[PDB]
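Participant: Handing you a structure now.
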Amino acid sequence: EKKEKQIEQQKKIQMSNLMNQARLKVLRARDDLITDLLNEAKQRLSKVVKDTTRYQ
Amino acid sequence: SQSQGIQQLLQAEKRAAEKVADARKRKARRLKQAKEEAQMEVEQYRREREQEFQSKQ
């Protein structure tokens, strides 16, 4: 029973750790989308700068 | 004359004595024999549970 519990405990650790890395992976993908949006915003501001009439 | 009957009875009783001493001593000897046989059961148990533990692994 103790040996079987060793295997079960390793299963618990592995499932927990895998799920945790999955959580952080999704959150980092979200942060990456936000970073993409802000880079797009920077490029759009550069485009505005190209246009003197509004830039003035 | 009666010593004849007494002799034959004492001889039959000696036979009974040795037979029954073996009967009693069989208990003492087979207790040790069982102390030996416990190995069969415990080792078989271990090997079986090893098989299912390998299945679990």
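Please note that chains go A, B, ... in the order of the structure tokens, that every chain numbers its residues from 1, and that ligands are numbered from 1 in the order shown.
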Could you list the residues in chain B lying within 8 Å of chain A, using only C-alpha atoms, and format the result as a PyMOL selection string?

Facilitator: chain B and resi 53+56-57

Participant: Please produce a file of the residues just selected, as an mmCIF file, in the first residue's frame, where the atoms kept are C-alpha atoms.

Facilitator:
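Everything below was put into again22.cif:
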```cif
data_model
loop_
_atom_site.group_PDB
_atom_site.id
_atom_site.type_symbol
_atom_site.label_atom_id
_atom_site.label_comp_id
_atom_site.auth_asym_id
_atom_site.auth_seq_id
_atom_site.Cartn_x
_atom_site.Cartn_y
_atom_site.Cartn_z
ATOM 1 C CA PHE B 53 2.319 -3.491 -8.485
ATOM 2 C CA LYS B 56 0.065 -0.320 -11.531
ATOM 3 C CA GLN B 57 3.486 1.058 -12.482
#
```
